[PDB]
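Asker: So I've got this file, upload_24.txt, and it contains compact mmCIF, C-alpha atoms and all ligand atoms:
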# COMPACT_ATOMS: atom_id res chain seq x y z
CA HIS H 1 251.25 11.25 163.02
CA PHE H 2 253.93 9.95 160.68
CA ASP H 3 254.91 6.69 159.00
CA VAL H 4 258.36 6.84 160.65
CA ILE H 5 259.99 9.01 163.29
CA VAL H 6 263.79 9.26 163.39
CA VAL H 7 265.20 10.40 166.76
CA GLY H 8 268.63 11.91 166.18
CA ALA H 9 269.08 13.31 162.68
CA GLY H 10 272.84 13.08 162.58
CA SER H 11 275.16 10.83 160.55
CA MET H 12 272.93 7.78 160.59
CA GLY H 13 269.55 9.44 161.15
CA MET H 14 269.80 11.94 158.29
CA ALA H 15 270.91 9.19 155.85
CA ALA H 16 267.92 7.08 156.97
CA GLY H 17 265.58 10.05 156.52
CA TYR H 18 266.74 10.56 152.94
CA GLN H 19 266.23 6.86 152.16
CA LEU H 20 262.73 6.96 153.61
CA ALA H 21 261.72 10.22 151.97
CA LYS H 22 262.97 8.96 148.58
CA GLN H 23 260.42 6.17 148.86
CA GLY H 24 257.55 8.51 149.70
CA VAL H 25 257.42 7.45 153.37
CA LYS H 26 256.03 10.26 155.60
CA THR H 27 258.94 10.91 157.95
CA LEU H 28 259.68 13.18 160.89
CA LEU H 29 263.26 13.66 162.02
CA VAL H 30 263.84 15.17 165.44
CA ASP H 31 267.16 16.55 166.60
CA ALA H 32 268.39 18.27 169.76
CA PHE H 33 270.34 20.75 167.58
CA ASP H 34 270.31 21.69 163.89
CA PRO H 35 272.48 19.24 161.95
CA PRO H 36 275.20 19.49 160.97
CA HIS H 37 276.47 20.84 164.29
CA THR H 38 279.48 20.68 166.63
CA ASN H 39 277.83 18.91 169.64
CA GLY H 40 277.81 15.31 168.35
CA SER H 41 280.10 12.95 166.46
CA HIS H 42 280.03 14.39 162.88
CA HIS H 43 281.98 17.73 162.85
CA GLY H 44 285.63 18.53 162.17
CA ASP H 45 285.00 18.78 158.38
CA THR H 46 286.52 15.49 157.16
CA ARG H 47 286.13 11.72 157.56
CA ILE H 48 288.18 8.84 156.14
CA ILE H 49 286.51 6.14 154.10
CA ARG H 50 288.51 2.90 153.71
CA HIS H 51 287.42 -0.25 151.91
CA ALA H 52 290.18 -2.70 152.99
CA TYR H 53 289.08 -2.85 156.61
CA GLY H 54 291.49 -3.55 159.49
CA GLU H 55 288.63 -3.76 162.02
CA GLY H 56 287.33 -6.76 160.10
CA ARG H 57 287.09 -8.07 156.52
CA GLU H 58 283.33 -8.56 157.09
CA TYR H 59 282.73 -4.78 156.81
CA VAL H 60 284.06 -4.60 153.23
CA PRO H 61 280.75 -5.04 151.33
CA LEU H 62 279.12 -2.34 153.45
CA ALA H 63 282.13 -0.08 152.76
CA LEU H 64 281.89 -0.64 148.99
CA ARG H 65 278.12 -0.08 148.98
CA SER H 66 278.65 3.08 151.02
CA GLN H 67 281.29 4.33 148.57
CA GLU H 68 278.92 3.85 145.64
CA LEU H 69 276.19 5.75 147.56
CA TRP H 70 278.68 8.60 148.26
CA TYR H 71 279.41 8.89 144.51
CA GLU H 72 275.64 8.98 143.95
CA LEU H 73 275.31 11.79 146.52
CA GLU H 74 278.12 13.76 144.86
CA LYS H 75 276.09 13.67 141.63
CA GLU H 76 272.83 14.79 143.32
CA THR H 77 274.05 17.85 145.32
CA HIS H 78 276.07 21.05 144.78
CA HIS H 79 277.94 20.43 148.07
CA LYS H 80 281.32 18.68 147.86
CA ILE H 81 281.08 15.09 149.13
CA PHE H 82 284.23 13.08 148.37
CA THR H 83 287.85 13.48 147.33
CA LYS H 84 289.87 10.42 146.29
CA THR H 85 293.01 10.99 148.38
CA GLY H 86 293.72 7.30 148.82
CA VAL H 87 294.33 5.89 152.32
CA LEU H 88 297.74 4.79 153.59
CA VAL H 89 297.90 2.22 156.40
CA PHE H 90 301.26 1.39 157.94
CA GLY H 91 302.84 -0.09 161.04
CA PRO H 92 305.86 -2.05 162.23
CA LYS H 93 306.25 -5.24 160.19
CA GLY H 94 304.86 -8.24 162.05
CA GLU H 95 303.54 -6.13 164.91
CA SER H 96 300.17 -4.72 163.84
CA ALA H 97 297.01 -6.77 163.78
CA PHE H 98 295.22 -3.78 162.20
CA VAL H 99 297.66 -3.69 159.28
CA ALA H 100 297.53 -7.46 158.89
CA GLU H 101 293.72 -7.52 158.75
CA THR H 102 293.75 -4.61 156.25
CA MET H 103 295.98 -6.76 154.05
CA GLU H 104 293.75 -9.86 154.51
CA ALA H 105 290.64 -7.86 153.79
CA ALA H 106 292.16 -6.61 150.52
CA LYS H 107 293.09 -10.16 149.50
CA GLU H 108 289.71 -11.68 150.37
CA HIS H 109 287.75 -9.05 148.45
CA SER H 110 290.22 -8.58 145.60
CA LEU H 111 290.70 -4.88 146.38
CA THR H 112 293.22 -2.77 144.47
CA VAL H 113 296.12 -1.94 146.83
CA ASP H 114 299.85 -1.22 146.71
CA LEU H 115 302.22 -2.89 149.22
CA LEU H 116 305.33 -0.96 150.32
CA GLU H 117 308.16 -1.37 152.87
CA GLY H 118 310.42 1.00 154.80
CA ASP H 119 312.19 3.61 152.70
CA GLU H 120 309.78 3.02 149.81
CA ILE H 121 307.13 4.76 151.95
CA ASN H 122 309.31 7.77 152.65
CA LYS H 123 310.34 7.93 148.97
CA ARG H 124 306.80 7.79 147.60
CA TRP H 125 305.36 10.41 149.96
CA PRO H 126 307.87 13.07 150.88
CA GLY H 127 306.95 14.23 154.38
CA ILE H 128 306.65 10.72 155.85
CA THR H 129 309.56 9.36 157.91
CA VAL H 130 308.96 5.80 159.06
CA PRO H 131 311.61 3.38 160.35
CA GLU H 132 312.93 0.82 157.85
CA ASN H 133 311.09 -2.00 159.64
CA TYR H 134 307.63 -0.59 158.84
CA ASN H 135 305.37 -1.87 156.11
CA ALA H 136 302.36 -0.35 154.39
CA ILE H 137 299.28 -1.00 152.34
CA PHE H 138 297.98 1.87 150.26
CA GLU H 139 294.43 1.89 148.94
CA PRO H 140 294.30 4.37 145.99
CA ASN H 141 290.54 4.44 145.42
CA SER H 142 289.37 5.22 148.96
CA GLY H 143 289.64 8.73 150.43
CA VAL H 144 287.95 11.53 152.31
CA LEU H 145 284.36 12.56 152.89
CA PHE H 146 283.23 16.06 153.81
CA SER H 147 280.94 14.87 156.61
CA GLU H 148 279.10 18.12 157.42
CA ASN H 149 278.36 18.53 153.69
CA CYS H 150 277.08 14.91 153.57
CA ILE H 151 274.58 15.58 156.35
CA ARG H 152 273.54 18.94 154.84
CA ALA H 153 273.02 17.32 151.42
CA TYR H 154 270.96 14.43 152.77
CA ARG H 155 268.88 16.92 154.77
CA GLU H 156 268.17 19.19 151.81
CA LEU H 157 267.29 16.21 149.57
CA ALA H 158 265.06 14.62 152.20
CA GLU H 159 263.24 17.88 152.93
CA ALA H 160 262.63 18.52 149.21
CA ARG H 161 260.85 15.13 149.15
CA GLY H 162 258.66 16.08 152.12
CA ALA H 163 260.66 14.89 155.20
CA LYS H 164 260.08 17.22 158.16
CA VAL H 165 263.03 18.11 160.43
CA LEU H 166 262.14 19.36 163.92
CA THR H 167 265.32 21.08 165.22
CA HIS H 168 266.46 22.19 168.66
CA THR H 169 264.10 19.64 170.21
CA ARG H 170 265.31 17.01 172.71
CA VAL H 171 263.38 13.79 172.92
CA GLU H 172 262.94 13.12 176.66
CA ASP H 173 260.91 9.90 176.66
CA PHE H 174 259.35 7.14 174.60
CA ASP H 175 256.13 5.16 174.70
CA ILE H 176 256.05 2.01 172.55
CA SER H 177 252.90 -0.03 171.84
CA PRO H 178 252.51 -3.09 169.55
CA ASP H 179 250.96 -0.92 166.82
CA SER H 180 252.50 2.53 167.37
CA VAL H 181 255.39 4.56 168.78
CA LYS H 182 255.32 7.92 170.55
CA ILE H 183 258.03 10.42 171.49
CA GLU H 184 257.79 13.14 174.17
CA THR H 185 259.60 16.53 173.88
CA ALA H 186 259.25 20.03 175.46
CA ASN H 187 257.98 21.14 172.03
CA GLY H 188 255.22 18.45 171.96
CA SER H 189 254.55 14.71 171.47
CA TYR H 190 254.53 12.85 168.11
CA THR H 191 253.34 9.42 166.96
CA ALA H 192 254.25 7.07 164.14
CA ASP H 193 254.07 3.44 163.03
CA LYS H 194 257.86 2.97 163.32
CA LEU H 195 260.78 4.47 165.22
CA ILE H 196 264.47 4.73 164.36
CA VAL H 197 266.70 5.61 167.30
CA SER H 198 270.03 7.11 166.35
CA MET H 199 271.11 9.52 169.12
CA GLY H 200 274.86 9.03 168.88
CA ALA H 201 276.64 9.55 172.23
CA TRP H 202 273.24 10.10 173.86
CA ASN H 203 272.31 6.49 173.13
CA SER H 204 274.43 5.75 176.23
CA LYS H 205 272.04 7.84 178.37
CA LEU H 206 268.58 7.41 176.83
CA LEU H 207 268.33 3.79 175.62
CA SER H 208 267.35 2.92 179.19
CA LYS H 209 264.05 4.71 178.39
CA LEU H 210 263.41 1.85 175.93
CA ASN H 211 264.21 -0.75 178.63
CA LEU H 212 267.61 -1.56 177.08
CA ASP H 213 270.76 -2.18 179.06
CA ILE H 214 273.74 -2.16 176.73
CA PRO H 215 277.33 -1.23 177.64
CA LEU H 216 278.07 1.99 175.72
CA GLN H 217 280.88 4.36 176.60
CA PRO H 218 281.20 7.88 175.15
CA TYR H 219 284.74 9.10 174.63
CA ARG H 220 286.18 12.56 174.14
CA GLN H 221 288.29 12.56 170.99
CA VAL H 222 290.21 15.61 169.82
CA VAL H 223 291.73 16.52 166.49
CA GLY H 224 294.13 19.24 165.44
CA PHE H 225 295.06 21.13 162.27
CA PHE H 226 298.70 22.07 161.95
CA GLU H 227 300.63 24.45 159.75
CA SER H 228 302.45 22.21 157.32
CA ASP H 229 304.87 22.21 154.40
CA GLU H 230 302.33 22.53 151.58
CA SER H 231 304.86 21.16 149.02
CA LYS H 232 304.65 17.81 150.86
CA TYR H 233 301.36 17.56 152.73
CA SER H 234 298.83 19.21 150.37
CA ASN H 235 296.04 17.19 148.74
CA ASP H 236 297.24 18.98 145.59
CA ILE H 237 300.52 16.99 145.63
CA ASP H 238 298.63 13.71 146.41
CA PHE H 239 299.50 13.41 150.13
CA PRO H 240 297.07 10.66 151.30
CA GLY H 241 294.65 10.19 154.14
CA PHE H 242 296.10 7.75 156.65
CA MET H 243 295.32 5.42 159.53
CA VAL H 244 298.44 3.92 161.09
CA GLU H 245 299.62 1.76 163.99
CA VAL H 246 302.68 2.75 166.03
CA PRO H 247 303.88 1.17 169.33
CA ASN H 248 301.69 3.55 171.38
CA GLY H 249 298.48 3.07 169.38
CA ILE H 250 296.63 4.20 166.26
CA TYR H 251 296.74 7.67 164.71
CA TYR H 252 294.84 8.97 161.68
CA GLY H 253 294.92 12.07 159.53
CA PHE H 254 294.24 14.02 156.40
CA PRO H 255 296.19 16.03 153.82
CA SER H 256 295.92 19.82 153.89
CA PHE H 257 293.02 20.98 151.72
CA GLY H 258 293.26 24.55 150.44
CA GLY H 259 295.92 25.33 153.07
CA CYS H 260 293.82 24.26 156.12
CA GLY H 261 296.82 22.28 157.42
CA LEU H 262 297.33 18.58 158.03
CA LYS H 263 294.70 17.24 160.39
CA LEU H 264 295.63 14.55 162.99
CA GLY H 265 293.79 12.51 165.64
CA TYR H 266 294.79 9.85 168.17
CA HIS H 267 292.26 7.05 167.87
CA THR H 268 293.02 4.53 170.62
CA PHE H 269 293.03 7.05 173.54
CA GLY H 270 290.41 9.51 174.75
CA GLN H 271 288.68 10.56 177.99
CA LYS H 272 285.62 8.65 179.22
CA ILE H 273 282.89 11.31 179.31
CA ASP H 274 279.16 11.96 179.55
CA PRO H 275 277.84 13.87 176.49
CA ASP H 276 276.05 16.40 178.65
CA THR H 277 279.17 17.34 180.65
CA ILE H 278 282.04 16.93 178.16
CA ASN H 279 284.45 19.85 177.93
CA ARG H 280 284.33 20.80 174.25
CA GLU H 281 287.36 23.13 174.44
CA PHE H 282 290.51 21.86 172.74
CA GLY H 283 293.66 22.11 174.86
CA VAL H 284 292.13 21.92 178.34
CA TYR H 285 294.07 18.69 178.95
CA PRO H 286 297.82 18.55 178.12
CA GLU H 287 297.22 15.31 176.24
CA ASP H 288 295.14 17.08 173.59
CA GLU H 289 298.07 18.74 171.78
CA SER H 290 300.92 16.64 173.19
CA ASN H 291 299.71 13.25 171.95
CA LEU H 292 299.44 14.76 168.45
CA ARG H 293 302.86 16.42 168.35
CA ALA H 294 304.42 13.18 169.69
CA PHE H 295 303.36 11.51 166.42
CA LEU H 296 304.12 14.44 164.10
CA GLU H 297 307.66 15.03 165.31
CA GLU H 298 308.54 11.33 164.76
CA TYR H 299 306.65 10.39 161.59
CA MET H 300 305.57 13.61 159.76
CA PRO H 301 308.03 16.27 160.91
CA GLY H 302 307.18 18.88 158.26
CA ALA H 303 303.55 18.94 159.46
CA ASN H 304 304.39 19.91 163.06
CA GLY H 305 303.96 23.72 162.84
CA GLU H 306 301.63 26.04 164.71
CA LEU H 307 298.24 24.68 165.78
CA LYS H 308 295.78 26.38 163.46
CA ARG H 309 292.61 24.84 164.85
CA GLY H 310 291.43 22.20 167.32
CA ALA H 311 288.11 20.36 167.62
CA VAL H 312 286.53 18.12 170.23
CA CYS H 313 284.26 15.27 169.09
CA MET H 314 282.74 12.08 170.61
CA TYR H 315 283.01 8.35 169.96
CA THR H 316 280.46 5.89 171.43
CA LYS H 317 282.15 2.51 172.02
CA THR H 318 280.73 -0.98 172.42
CA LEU H 319 282.69 -3.66 174.23
CA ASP H 320 283.77 -5.30 170.92
CA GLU H 321 283.89 -2.01 168.95
CA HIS H 322 281.42 -3.32 166.41
CA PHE H 323 278.21 -1.45 165.68
CA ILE H 324 274.67 -2.11 166.84
CA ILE H 325 272.16 -2.12 163.99
CA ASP H 326 269.08 -4.12 164.75
CA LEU H 327 265.47 -4.25 165.80
CA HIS H 328 264.71 -3.78 169.49
CA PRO H 329 264.46 -7.32 170.93
CA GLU H 330 260.99 -6.58 172.43
CA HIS H 331 259.61 -4.21 169.77
CA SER H 332 259.87 -5.01 166.08
CA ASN H 333 258.62 -1.47 165.27
CA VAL H 334 261.73 0.06 166.86
CA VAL H 335 265.12 0.15 165.10
CA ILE H 336 268.37 0.88 167.00
CA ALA H 337 271.57 2.35 165.46
CA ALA H 338 274.26 2.76 168.11
CA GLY H 339 277.81 2.18 169.17
CA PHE H 340 279.73 3.26 166.07
CA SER H 341 282.97 3.13 168.06
CA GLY H 342 284.82 5.93 166.23
CA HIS H 343 284.58 4.35 162.76
CA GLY H 344 280.99 4.64 161.55
CA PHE H 345 280.78 7.80 159.39
CA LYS H 346 282.09 6.18 156.18
CA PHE H 347 279.19 3.68 156.40
CA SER H 348 276.43 6.17 157.15
CA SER H 349 275.17 6.12 153.55
CA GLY H 350 274.86 2.31 153.54
CA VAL H 351 273.53 2.24 157.12
CA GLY H 352 270.80 4.69 156.13
CA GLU H 353 269.66 2.11 153.58
CA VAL H 354 269.75 -0.72 156.15
CA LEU H 355 267.77 1.33 158.70
CA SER H 356 265.13 2.19 156.12
CA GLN H 357 264.78 -1.51 155.24
CA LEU H 358 264.49 -2.51 158.91
CA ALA H 359 261.92 0.21 159.60
CA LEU H 360 259.76 -0.61 156.55
CA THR H 361 260.02 -4.42 156.47
CA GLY H 362 261.65 -5.71 159.67
CA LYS H 363 264.35 -7.31 157.49
CA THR H 364 267.41 -6.41 155.39
CA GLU H 365 268.66 -7.73 152.05
CA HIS H 366 271.95 -9.07 153.41
CA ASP H 367 272.96 -10.54 156.74
CA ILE H 368 273.90 -7.89 159.37
CA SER H 369 274.35 -10.40 162.18
CA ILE H 370 277.79 -8.95 163.08
CA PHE H 371 275.82 -5.93 164.42
CA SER H 372 273.20 -7.89 166.33
CA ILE H 373 271.91 -6.37 169.54
CA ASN H 374 271.67 -9.92 170.98
CA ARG H 375 275.31 -10.93 170.36
CA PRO H 376 277.27 -12.28 173.37
CA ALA H 377 280.24 -9.89 173.02
CA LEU H 378 278.00 -6.85 173.68
CA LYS H 379 277.47 -7.78 177.34
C1 LIG J 1 284.41 12.27 166.88
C2 LIG J 1 285.14 11.61 165.70
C3 LIG J 1 284.52 10.56 165.04
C4 LIG J 1 285.07 9.98 163.89
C5 LIG J 1 286.31 10.45 163.45
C6 LIG J 1 286.98 11.44 164.19
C7 LIG J 1 286.40 12.03 165.29
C8 LIG J 1 287.15 13.10 166.03
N1 LIG J 1 286.89 10.01 162.29
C9 LIG J 1 286.15 9.17 161.52
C10 LIG J 1 286.66 8.84 160.24
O1 LIG J 1 287.61 9.42 159.70
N2 LIG J 1 285.86 7.96 159.52
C11 LIG J 1 284.71 7.34 159.99
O2 LIG J 1 284.17 6.46 159.31
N3 LIG J 1 284.24 7.65 161.23
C12 LIG J 1 284.94 8.52 161.96
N4 LIG J 1 284.43 8.94 163.18
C13 LIG J 1 283.22 8.32 163.73
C14 LIG J 1 281.92 8.83 163.13
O3 LIG J 1 282.05 10.25 162.98
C15 LIG J 1 280.78 8.42 164.04
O4 LIG J 1 280.81 6.99 164.19
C16 LIG J 1 279.42 8.83 163.49
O5 LIG J 1 279.41 10.23 163.23
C17 LIG J 1 278.30 8.47 164.45
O6 LIG J 1 277.03 8.88 163.88
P1 LIG J 1 275.73 8.97 164.78
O7 LIG J 1 274.61 9.25 163.82
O8 LIG J 1 275.65 7.80 165.70
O9 LIG J 1 276.04 10.24 165.73
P2 LIG J 1 275.76 11.79 165.46
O10 LIG J 1 276.20 12.15 164.09
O11 LIG J 1 276.43 12.58 166.54
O12 LIG J 1 274.18 11.99 165.48
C18 LIG J 1 273.41 11.82 166.67
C19 LIG J 1 272.39 12.92 166.71
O13 LIG J 1 271.45 12.63 167.77
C20 LIG J 1 271.03 13.89 168.24
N5 LIG J 1 270.42 13.69 169.55
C21 LIG J 1 271.01 13.20 170.69
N6 LIG J 1 270.19 13.09 171.71
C22 LIG J 1 268.97 13.49 171.20
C23 LIG J 1 267.69 13.60 171.78
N7 LIG J 1 267.43 13.28 173.04
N8 LIG J 1 266.68 14.02 171.00
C24 LIG J 1 266.96 14.31 169.72
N9 LIG J 1 268.12 14.25 169.06
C25 LIG J 1 269.10 13.85 169.87
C26 LIG J 1 272.27 14.78 168.23
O14 LIG J 1 271.99 16.17 168.32
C27 LIG J 1 272.93 14.35 166.91
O15 LIG J 1 272.63 15.20 165.82
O1 LIG J 2 284.95 1.83 178.04
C1 LIG J 2 284.68 1.09 177.06
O2 LIG J 2 285.22 1.13 175.94
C2 LIG J 2 283.65 -0.03 177.14
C3 LIG J 2 282.58 0.17 176.05
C4 LIG J 2 281.27 -0.19 176.66
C5 LIG J 2 281.43 -0.07 178.17
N1 LIG J 2 282.91 -0.01 178.45
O1 LIG J 3 287.32 5.30 160.81
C1 LIG J 3 288.33 5.81 160.27
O2 LIG J 3 288.77 5.54 159.14
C2 LIG J 3 289.07 6.91 161.04
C3 LIG J 3 290.51 6.57 161.39
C4 LIG J 3 290.45 6.08 162.89
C5 LIG J 3 289.41 7.06 163.44
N1 LIG J 3 288.39 7.18 162.34
CL CL J 4 281.19 6.88 167.18
Show me, as structure tokens, the structure contained in the file I just sent.

Answerer:
Amino acid sequence: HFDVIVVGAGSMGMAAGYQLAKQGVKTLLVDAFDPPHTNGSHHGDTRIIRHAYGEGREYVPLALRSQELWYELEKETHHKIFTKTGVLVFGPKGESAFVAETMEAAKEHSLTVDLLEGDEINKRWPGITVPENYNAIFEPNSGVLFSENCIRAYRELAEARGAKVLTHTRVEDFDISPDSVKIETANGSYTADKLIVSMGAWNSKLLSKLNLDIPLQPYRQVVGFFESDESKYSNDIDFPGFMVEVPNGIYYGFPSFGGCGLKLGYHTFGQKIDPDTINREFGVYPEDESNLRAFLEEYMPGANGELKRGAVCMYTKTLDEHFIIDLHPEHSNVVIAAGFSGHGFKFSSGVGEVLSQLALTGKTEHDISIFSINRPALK
């Protein structure tokens, strides 16, 4: 028996477990694998954190809280957590809602940003070649998280404080009562007062076992690392992280760290998949490499060398691409964290705090109604 069980000890679940353990709550975390791992949504080494938020100005306080928590984690562990690369956002002037909302978000929250146009972009960051009609907003104080190290650090800190992590154990079913929760696995059954459910892409398959019917679609999302001109694209010469809008969608990427090569993903396209049958080999579809080189040859031509490494990862999308962070509508002793829609990792520190509050008290300090499980746009 525990105070709290966390099912899925990944990005959100491990952060929640640390928050609980820190408060002396007796916590069990259960995971299908041994986090961090390459079967979920957290691998590929690096994750962008932005504060000025093109998906919506209402995420900014959560972003800023999460950033402060990431600096706190850096101080507590020997693992590397965060590098302040800055984040460049650009797109054609007048033709990117994402860029426009990034700019509005920065204004509304008085964030520190630089605004640039056309050739100014290419001049400031050798290696970038945008058309003259593009504009940009650069956020100097955001950057890059080392996501596998984040999970490892939270795990080690939680375990030192008495959290138990049961690895390689799939939760197969749930039994919820008014006064207790139970999970069923092939390695045994466990009970607690409260449950947090954070199974990433598997939320789309297993939330039905809690009598929930929520549209959730897992997507197969690849990234690649490319041999690059290190005099232009290295973190050592202040090449930024980036998230940009071009006519054919949104691309994102990372400077080369220690010669790993520039890393690139295509955000707005992926294959609809089931997490149990996804093909986790990079390059099995022509789109995997070709969509990436299409961007590199046009906008970052010195980073379009040999493919050094590929990875395959999953998003879990809601209809509105906003998260789900709430109590179960029928069971106040069950907390749901789902649907992070390809943009949740940067918030995992702050979400851990929210989940711990919801589990312990049934409430949170600030409104999180944008992530309500009851909202119309979910259905
Ligand atoms: C895939 C991806 C995502 C991504 C990104 C690039 C790629 C290629 N870039 C990002 C970026 O730069 N910045 C950012 O803020 N987010 C970015 N993302 C998205 C982000 O990585 C995800 O939103 C986030 O990782 C989601 O976290 P969540 O905690 O929901 O998912 P998870 O880490 O995969 O953890 C789920 C765990 O649950 C376990 N599991 C699943 N089923 C079970 C059962 N039945 N029993 C027990 N455990 C279970 C999994 O094993 C996993 O550990
Ligand atoms: O495919 C998609 O993105 C949406 C998300 C939930 C269900 N369908
Ligand atoms: O959430 C982010 O910042 C990155 C860029 C789009 C995909 N994930
Ligand atoms: Cl996701």

Asker: Which is closest to residue 56 in chain H among H:367, H:238, H:114, H:320, if we use all atoms listed in the file?

Answerer: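 With all atoms listed in the file as the atom set, the closest residue is H:320.
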
Asker: Using all atoms listed in the file, which residues of chain H come within 6 Å of ligand LIG 3 (chain J), and what is the closest atom pair for each, with the distance in Å to one decimal? Give it as JSON lines, sorted by chain and residue number.

Answerer:
{"residue": "H:48", "atom": "CA", "partner": "J:LIG3", "partner_atom": "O2", "distance": 4.5}
{"residue": "H:49", "atom": "CA", "partner": "J:LIG3", "partner_atom": "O2", "distance": 5.6}
{"residue": "H:243", "atom": "CA", "partner": "J:LIG3", "partner_atom": "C3", "distance": 5.3}
{"residue": "H:252", "atom": "CA", "partner": "J:LIG3", "partner_atom": "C3", "distance": 5.0}
{"residue": "H:267", "atom": "CA", "partner": "J:LIG3", "partner_atom": "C5", "distance": 5.3}
{"residue": "H:342", "atom": "CA", "partner": "J:LIG3", "partner_atom": "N1", "distance": 5.4}
{"residue": "H:343", "atom": "CA", "partner": "J:LIG3", "partner_atom": "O1", "distance": 3.5}

Asker: Emit the selected residues as a tab-separated table (two decimals), in the coordinates of the input, including C-alpha atoms.

Answerer:
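That gives us part.tsv:
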chain	number	residue	atom	x	y	z
H	48	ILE	CA	288.18	8.84	156.14
H	49	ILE	CA	286.51	6.14	154.10
H	243	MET	CA	295.32	5.42	159.53
H	252	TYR	CA	294.84	8.97	161.68
H	267	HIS	CA	292.26	7.05	167.87
H	342	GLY	CA	284.82	5.93	166.23
H	343	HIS	CA	284.58	4.35	162.76

Asker: If the limit is 9 Å from any atom of ligand CL 4 (chain J), counting only C-alpha atoms and all ligand atoms, which residues qualify? Return them as a list in words.

Answerer: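 Checking only C-alpha atoms and all ligand atoms against ligand CL 4 (chain J) at 9 Å gives residues 41, 42, 200, 201, 218, 219, 314, 315, 316, 317, 323, 338, 339, 340, 341, 342, 343, 344 and 345 of chain H.
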
Asker: Counting all atoms listed in the file, which residues sit no farther than 12 Å from the position (273.1, 9.0, 172.0) in the file's frame? I'd like them as a tab-separated table (two decimals) with C-alpha atoms, keeping the file's coordinate frame.

Answerer:
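In the end it all went to selection_9.tsv:
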chain	number	residue	atom	x	y	z
H	7	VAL	CA	265.20	10.40	166.76
H	8	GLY	CA	268.63	11.91	166.18
H	9	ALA	CA	269.08	13.31	162.68
H	10	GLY	CA	272.84	13.08	162.58
H	11	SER	CA	275.16	10.83	160.55
H	12	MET	CA	272.93	7.78	160.59
H	13	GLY	CA	269.55	9.44	161.15
H	31	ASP	CA	267.16	16.55	166.60
H	32	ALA	CA	268.39	18.27	169.76
H	39	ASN	CA	277.83	18.91	169.64
H	40	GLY	CA	277.81	15.31	168.35
H	41	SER	CA	280.10	12.95	166.46
H	170	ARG	CA	265.31	17.01	172.71
H	171	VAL	CA	263.38	13.79	172.92
H	172	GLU	CA	262.94	13.12	176.66
H	197	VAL	CA	266.70	5.61	167.30
H	198	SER	CA	270.03	7.11	166.35
H	199	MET	CA	271.11	9.52	169.12
H	200	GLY	CA	274.86	9.03	168.88
H	201	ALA	CA	276.64	9.55	172.23
H	202	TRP	CA	273.24	10.10	173.86
H	203	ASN	CA	272.31	6.49	173.13
H	204	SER	CA	274.43	5.75	176.23
H	205	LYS	CA	272.04	7.84	178.37
H	206	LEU	CA	268.58	7.41	176.83
H	207	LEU	CA	268.33	3.79	175.62
H	208	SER	CA	267.35	2.92	179.19
H	209	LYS	CA	264.05	4.71	178.39
H	216	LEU	CA	278.07	1.99	175.72
H	217	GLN	CA	280.88	4.36	176.60
H	218	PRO	CA	281.20	7.88	175.15
H	219	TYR	CA	284.74	9.10	174.63
H	274	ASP	CA	279.16	11.96	179.55
H	275	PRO	CA	277.84	13.87	176.49
H	276	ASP	CA	276.05	16.40	178.65
H	314	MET	CA	282.74	12.08	170.61
H	315	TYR	CA	283.01	8.35	169.96
H	316	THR	CA	280.46	5.89	171.43
H	317	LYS	CA	282.15	2.51	172.02
H	336	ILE	CA	268.37	0.88	167.00
H	337	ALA	CA	271.57	2.35	165.46
H	338	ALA	CA	274.26	2.76	168.11
H	339	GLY	CA	277.81	2.18	169.17
H	340	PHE	CA	279.73	3.26	166.07

Asker: What's the separation between CA of residue 93 in chain H and CA of residue 60 in chain H, in Å to one decimal place?

Answerer: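 Separating CA of residue 93 in chain H from CA of residue 60 in chain H is a distance of 23.3 Å.
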
Asker: If you count only C-alpha atoms, which residues fall within 12 Å of residue 211 in chain H, apart from same-chain ones fewer than 6 positions away, as a list in words?

Answerer: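 Skipping anything fewer than 6 positions along the chain leaves residues 173, 174, 175, 176, 205, 328, 329, 330 and 331 of chain H.
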
Asker: Given only C-alpha atoms and all ligand atoms as the basis, pick out the residue of H:129, H:96, H:19, H:349 nearest to ligand LIG 1 (chain J).

Answerer: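 With only C-alpha atoms and all ligand atoms as the atom set, the closest residue is H:349.
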
Asker: To one decimal place in Å, what is the distance between CA of residue 33 in chain H and atom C27 of ligand LIG 1 (chain J)?

Answerer: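 Atom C27 of ligand LIG 1 (chain J) lies 6.9 Å from CA of residue 33 in chain H.
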
Asker: Find the spatial neighbours of residue 287 in chain H, counting only C-alpha atoms, within a cut-off of 12 Å - ignore same-chain residues fewer than 5 positions away - and output them as JSON, numbers by chain.

Answerer: {"H": [220, 221, 222, 223, 224, 265, 266, 269, 270, 271, 282, 292, 293, 294]}

Asker: From the list H:108, H:213, H:306, H:297, which residue is nearest ligand LIG 2 (chain J) when using only C-alpha atoms and all ligand atoms?

Answerer: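 That would be H:213, the residue with the smallest distance to ligand LIG 2 (chain J).
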
Asker: So what do you get for CA of residue 352 in chain H versus CA of residue 240 in chain H, distance-wise?

Answerer: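 So the answer is 27.4 Å.
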
Asker: Using only C-alpha atoms, give me every residue within 10 Å of (260.3, 4.6, 151.3) in file coordinates, as a VMD selection string.

Answerer: chain H and resid 3 to 4 16 to 27 353 356 to 357 359 to 360

Asker: Write out as a list in words each polymer residue whose atoms come within 9 Å of residue 5 in chain H, counting all atoms listed in the file; drop sequence neighbours fewer than 6 positions from it.

Answerer: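 Contacts, with the query itself left out: residues 17, 26, 27, 28, 29, 30, 181, 182, 183, 190, 191, 192, 193, 194, 195, 196 and 197 of chain H.
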